[PDB]
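A short write-up of the structure that comes next.
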Amino acid sequence: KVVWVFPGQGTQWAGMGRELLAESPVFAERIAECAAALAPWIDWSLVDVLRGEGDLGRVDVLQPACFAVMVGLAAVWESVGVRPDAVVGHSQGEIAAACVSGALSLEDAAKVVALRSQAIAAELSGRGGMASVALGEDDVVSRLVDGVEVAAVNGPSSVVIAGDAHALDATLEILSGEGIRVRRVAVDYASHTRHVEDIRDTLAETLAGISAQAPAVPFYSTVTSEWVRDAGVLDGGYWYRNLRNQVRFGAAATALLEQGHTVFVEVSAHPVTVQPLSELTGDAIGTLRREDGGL
């Protein structure tokens, strides 16, 4: 059974799909359509930035850009007639999961992602970052210093953590003293932490009146780690929780395993979730690679 896996960050690079946009006609018309749909809230050109002519450090541009190229790739996979048995996202990418699984309208999804990116840009800037840790969740908890929270869990030993930059630096220093493999991510906000508990009102106000219909394709949410079979349950509050609550990506993958789902596709411009799922199962296929946007 085929599961469309939608990641978040780590798949962006200069010139998202310039070659892909030039060669693929269906992707080009689809991305033009989304740019038209995203027009009421942009202050730049989608086609310009996706071709590698804007600012990749601008979060409220890259995140809608990532969403738009994700929709384009999903349309491309639809062209070759790939029927997704299940669709699951990863944090921000979960919005795309809501968009294509029939649980949300494309215009509503574009509106939601635009508002979320704008809010996190106006607020989250300069408040933390991600540290990737190749250690188990229990080991991380043992190593957990104050001010640090596990951003997400993706496997037996794949844990991403987030928090205040000072606490992250202290934890990384102790890790280096212990000499264990840990890396930093060049992002200026600690999402899915206590910081998310600061902009609740604005997010609630923005994501209002969304036509959350029933998912055409079953959606296994990691916020509940559960299948969604209802219309309207996945609300703006749910997206706030997703931005707030941690992602049990490893638990989600394990749940999808015994449910007969084997063929897993990481739709992205660069493989990021290929290995933290392949080490669990080995059945993970990427879509594109960094600087490899060619056909």
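For this structure, a couple of remarks:
- Residue, nearest to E94 (Cα to Cα), within the stretch 43-81, restricted to residues that are touching a residue at least 60 places away in the same chain (Cβ under 8 Å) and in contact with a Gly (Cβ under 7 Å, 6 or more places away or on another chain): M70
- Listed by first and then second residue, the pairs linking a residue in the stretch 29-42 that is more than 12 Å from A68 (Cα to Cα) and in contact (Cβ under 8 Å) with a residue 24 or more places away in the chain to a residue that is hydrophobic (A, V, I, L, M, F, W, C) and surrounded by 15 or more Cβ atoms within 10 Å (Cβ to Cβ), with Cβ atoms under 7 Å apart and 6 or more places separating them unless they lie on different chains, are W41/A114.
- Filter pass, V141 being buried (at least 21 other Cβ atoms within 10 Å of the Cβ) and of a type in the set (V, I, T): no
- Selection count, the stretch 247-271, where residues are surrounded by fewer than 19 Cβ atoms within 10 Å (Cβ to Cβ), assigned to a loop (DSSP other than H, G, I, E, B) and either of a type in the set (S, T, Y) or under 13 Å from the mean Cα position of the chain (by Cα) (or both): 1
- For the stretch 179-229, the set of residues classified as charged (D, E, K, R), within 23 Å of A114 (Cα to Cα), loosely packed, with under 13 Cβ neighbours inside 10 Å and without any contact (Cβ under 8 Å) to a residue 60 or more places away in the chain consists of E197, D201, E205, listed by residue number.
- Matching residues in the stretch 13-28 - criterion: being free of Cβ contacts under 8 Å to residues at least 40 places away in the same chain and of a type outside the set (A, V, I, L, M): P25
- Cβ separations smaller than 8 Å between residues 6+ apart or across chains give the following pairs from the stretch 154-176 residues that are more than 13 Å from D139 (Cα to Cα) to residues that are among the aromatic types (F, W, Y): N154/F249.
- Total residues in the stretch 62-98, condition of a type in the set (V, I, T) and in contact with a strand residue (DSSP E or B) (Cβ under 6 Å, 6 or more places away or on another chain): 2
- Residue ID - nearest to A98 (Cα to Cα), chosen from residues in the stretch 13-25 that are of a type outside the set (G, A, S) and crowded, with 20+ Cβ neighbours inside 10 Å: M16
- Matching residues, the stretch 66-113, being crowded, with 18+ Cβ neighbours inside 10 Å, over 12 Å from the mean Cα position of the chain (by Cα), assigned to a helix (DSSP H, G or I) and of a type in the set (G, A, S): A68, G72, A74, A75, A109, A110
- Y220 vs. criteria part of a helix (DSSP H, G or I) and within 18 Å of the chain's Cα centre (by Cα): no
- In the set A28, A32, only one residue is surrounded by fewer than 21 Cβ atoms within 10 Å (Cβ to Cβ), in a helix (DSSP H, G or I) and either on the phi > 0 side of the Ramachandran plot or touching a helix residue (DSSP H, G or I) at 6+ places or on another chain (Cβ under 6 Å) (or both); that residue is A28.
Please note: Cβ atoms are built from the backbone with ideal geometry, for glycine as well, and neighbour counts cover all protein chains shown. Computed from the coordinates by the stated procedures, all read-outs in this text should not be read as laboratory data.
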